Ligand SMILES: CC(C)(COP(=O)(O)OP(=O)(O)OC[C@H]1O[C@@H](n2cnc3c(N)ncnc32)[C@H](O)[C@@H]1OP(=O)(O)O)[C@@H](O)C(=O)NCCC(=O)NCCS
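We begin with a single chain expressed as structure tokens, specifically the form deposited without the ligand.
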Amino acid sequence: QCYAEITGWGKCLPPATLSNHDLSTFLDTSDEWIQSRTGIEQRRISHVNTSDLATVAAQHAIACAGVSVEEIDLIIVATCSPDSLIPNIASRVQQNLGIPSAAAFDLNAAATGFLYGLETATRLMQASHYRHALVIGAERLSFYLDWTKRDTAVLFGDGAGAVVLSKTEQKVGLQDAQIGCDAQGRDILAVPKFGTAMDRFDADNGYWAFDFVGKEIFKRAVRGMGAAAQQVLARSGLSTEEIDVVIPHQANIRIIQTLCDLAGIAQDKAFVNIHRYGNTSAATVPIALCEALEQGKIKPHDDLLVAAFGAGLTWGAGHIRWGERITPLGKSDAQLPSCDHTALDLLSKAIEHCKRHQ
């Protein structure tokens, strides 16, 4: 019996920051309206492609683990906002970092995608030859947004987080997990007309709907994550009080609170950074994990509960048993290219087109 220890962690938040005040200059919103409704104060807007965010997060995780490019046998990029479909963007991260031969694929399960990727990499390593893996959640959600619709435009942001996993005989890393999907929730969170469903030669094809039915998402998310977390805990043999830290998807602080309340988990165990970055889909969990470690929230031998949901409606939970080390082996100097524009300036073309079309 083998395990996949989380030996490296890293993040990449692009520098250009879009404040609530910035949003209020082109939408009928206020900092007060956005913060009360969402708990978000800021979010990041990338000046580079998704794959560039993924690359920097990966570099940080690699330095954190001290692994070489030869040692990496598997790369998974969890994303719903890839630069390209042909080829995938895991191969772009691979090209950028000069990693030979590793399997490289993109995994799409919306914001549950990092958890799906962690589950997938862990089992691949347990059942076959893979010695180390790189699992990245990376998104440029700002690509998708309808800048005339305040209820969705204020929720989402860009960023990436990564881990490195290393094979070990010690009982650490992801233990049990339950991942799933409530396909009866498929239509309540969706961009149905970006993809091959869209008309390639319709001049109005950029003005797609971003469907978001908040009350239904809340209900299905709490149900799906809750039952997954229960299945994992029940199988683990831990009592609820033995969970030390919760690392949740960052969609909505009230969902996190309801999840913990219904499970009987103390509210102060859940790591929250939604106020800084908004909902970055697949990136939420790995950024939160990296920052929890940075901030001293996770101790050696802690039990972590990971919980996430996303469009699909995908869902999942996982139990991680931490090992000995909570400190990076090395730091990376890796940085994104210079950002020469403010967030408002980055978004200008899209905002202007969305308004004109309206």
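In case it trips you up, residue 1 is the first one in the sequence shown, and so on.
The protein also exists as the form solved in complex with the ligand; that form is not presented, and the subsequent description refers to it.
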Within 4.5 Å of the ligand in the entry with it bound by heavy atoms, the stretch out of 165 to 173, 129 to 137, 216 to 224, 262 to 270 is 216 to 224
With the partner omitted here, the residue among 279, 88, 120, 178 that in the entry with it bound has a heavy atom within 4.5 Å of the ligand is 279
Among the candidate residues 247, 154, 75, 256, which is the single one with a non-hydrogen atom no more than 4.5 Å from the ligand in the entry with it bound? 154
If we define contact as a non-hydrogen atom of the residue within 4.5 angstroms of the partner, is residue 28 a contact of the ligand in the entry with it bound? yes
Can you tell me if residue 37 lies within 4.5 angstroms of the ligand in the entry with it bound, counting non-hydrogen atoms only? yes
Would residue 315 show up as a contact with the ligand in the entry with it bound if we use heavy atoms at 4.5 Å? no
4.5 Å heavy atom contact, residue 212 and the ligand in the entry with it bound: yes
Can you tell me which residues in 179 to 202 come within 4.5 angstroms of the ligand in the entry with it bound, by heavy atoms? 189
